[PDB]
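Data first, discussion second: the structure below is written as structure tokens.
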Amino acid sequence: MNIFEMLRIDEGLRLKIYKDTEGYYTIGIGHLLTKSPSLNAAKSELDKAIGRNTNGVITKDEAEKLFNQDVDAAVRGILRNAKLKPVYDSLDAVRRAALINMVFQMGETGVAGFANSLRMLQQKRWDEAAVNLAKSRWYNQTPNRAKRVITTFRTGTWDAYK
Ligand SMILES: [Cl-]
Ligand SMILES: [Cl-]
């Protein structure tokens, strides 16, 4: 198991524009296109991301390419983030993956907001972090995914994904 496989399980793969858990236009493997309510705006952002007239449809290869970009951008974003980097640097390989997953889902900003949890993680108080991470809109809105990510931080194993 690795980050890519982890995220592929969490996000799924859809080759046609769809609305995510929040109602926003997405495609591929969790690639958010736009938060605007406009499907045209979403088709346009799509064509611009792929570099062709897609008509709202992409191939598997194109989805995998956006995915590679997005995973890399997330890593690079954590590393550049003064609040995130120290956490990430303090974690083992499996747990770093859990942090990446959260950033991929909610953005650097949104994750950055879990200050208390981040500090617990950095202190290696796994059980306490897990409880604190659960008191969040994130957990109440996507509880199954949330639980899988929290299990990963609590345990440091990929058990939640097997
Ligand atoms: Cl893009
Ligand atoms: Cl869920």
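Naming scheme: A, B, ... for chains in displayed order of the structure tokens; residues 1 onward per chain; ligands 1 onward as shown.
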
Given a cut-off of 10 Å, what residues near ligand 1 show up using only C-alpha atoms and all ligand atoms, put as a PyMOL selection string?
chain A and resi 31-33+45-51+65-67+69-70

Residues within 12 Å of ligand 2 (only C-alpha atoms and all ligand atoms), as a PyMOL selection string?
chain A and resi 9-12+20-22+105+137-149

Could you state the separation of CA of residue 14 (chain A) and CA of residue 100 (chain A) in Å, given to one decimal place?
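Atom-to-atom, CA of residue 14 (chain A) and CA of residue 100 (chain A) are spaced 21.2 Å apart.
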
Give me, as number ranges by chain, the residues of chain A that a backbone DSSP run labels alpha helix (DSSP H).
A: 3-11, 39-50, 60-80, 85-90, 93-112, 115-122, 126-134, 137-141, 143-155

Taking only C-alpha atoms into account, name the residue in A:82, A:120, A:39, A:57 that is nearest to residue 27 (chain A).
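Among A:82, A:120, A:39, A:57, it is A:57 that comes nearest to residue 27 (chain A).
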